[PDB]
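First comes one chain, alone, set out as structure tokens in the form deposited in one PDB entry.
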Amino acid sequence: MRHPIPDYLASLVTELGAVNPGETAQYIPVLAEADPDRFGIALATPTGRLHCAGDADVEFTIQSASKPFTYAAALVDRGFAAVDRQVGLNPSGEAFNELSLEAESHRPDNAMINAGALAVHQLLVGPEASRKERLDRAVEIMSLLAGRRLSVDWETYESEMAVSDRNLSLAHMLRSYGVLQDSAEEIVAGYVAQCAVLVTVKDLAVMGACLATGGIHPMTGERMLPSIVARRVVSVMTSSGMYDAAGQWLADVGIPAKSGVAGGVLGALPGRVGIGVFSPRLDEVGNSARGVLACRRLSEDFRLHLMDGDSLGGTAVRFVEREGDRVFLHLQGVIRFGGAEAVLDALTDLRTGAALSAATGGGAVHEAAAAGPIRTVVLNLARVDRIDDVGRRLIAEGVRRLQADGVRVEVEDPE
């Protein structure tokens, strides 16, 4: 059959496509003269599906939406300590206030604002890295998450450089406070090239999906980033992505995102989807008017929100059977604290010493109390996709306390 989501997307494109308020970034001709009658959107899932509609295959410079990816590369290349000493985690407007540097021992507020992005670029490969290395590293992280080699639009780059006095102001002030070690010109050029990286709505969706999964690429299943790093990135996207409008945005949209002045909007909702949107015209605060409106629509219509209780929970326990002397407990899904906690409940509801469930979501945990004594328990993990360190330790300890009850425990774990 035909998947309905791509259809929902086409509707939305047609709906919101009816109008085209605002205007394109006027500070440079390349963006000032860009065709405004363009509108695309993409939704990449964890499993690897990519739904889209409209101009979702049209390239445009990523601009600010590049900031979370370089942030991820910096945290990976230098570790949290080195990065947190140069970049804060406080939300704020893009407007620069010197008192903010003198504050919290000299460091821009966050990686989402330009001052922070400059500091992040400065930190890209290492203290002795060259300009070319940091630029390549920025292109590399973005390409790795997109799953294809990306190009830099040098035309937009040069156009931007001719009017980079502001970013130069920020860079020099950062140098003054010891946040930048290389030259203002060098760091600004690197950041400007970084923003000139070309991407389509589909790429942003895929890149967003890597972040939504905790660092796993949805198309290949390879871990591109550590989960803690991906977690920090989406965290700052949420608290600072939409600047001083972040609070209202978290509440009313609930989707961590970041817009770019070329018209692209990046979205990343943990555990659910990667979002890419494209629409040139910006609203009064510089965000893609339709891009931002499209995120708001998806949120409301699909009832998608960071505050959703969409967790495995008790469903971690596929089922529990008591054939006679032994008990068979099967697990499944992505097991972390929530699922592991439920498993511990199952092991405890046995005596080695319905409606409520469904009403909440305890899965087959209730089948534990329902299930001659019990001399052996079999934990089958065949249906379990993966388990984080926490889950492993909780279940490991759970198995340990079973034996302590003089109960035989066999863990059938194919892979």
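From 1 onward, residues are counted along the sequence shown. The term rigid core refers to the maximal set of C-alpha atoms that superpose within 1.5 Å between the two forms.
Beyond the structure shown, there is the form deposited in another entry, which is absent from this document and is the topic of what follows.
- Core-superposed comparison between this form and the one not shown: among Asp77, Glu158, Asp244, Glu185, the single residue whose C-alpha moves by 2 Å or more is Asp244.
- Comparing the forms between this form and the one not shown on their rigid core, the Cα displacement of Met219 stays under 2 Å.
- Once both forms are fitted on their core, a CA shift of 2 Å or more is seen for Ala103 between this form and the one not shown.
- Between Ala212 and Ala246, the Cα spacing is larger in that other deposited form than in the shown form, differing by no less than 3 Å.
- Relative to the shown form, the Cα atoms of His172 and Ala246 move apart by 3 Å or more in that other deposited form.
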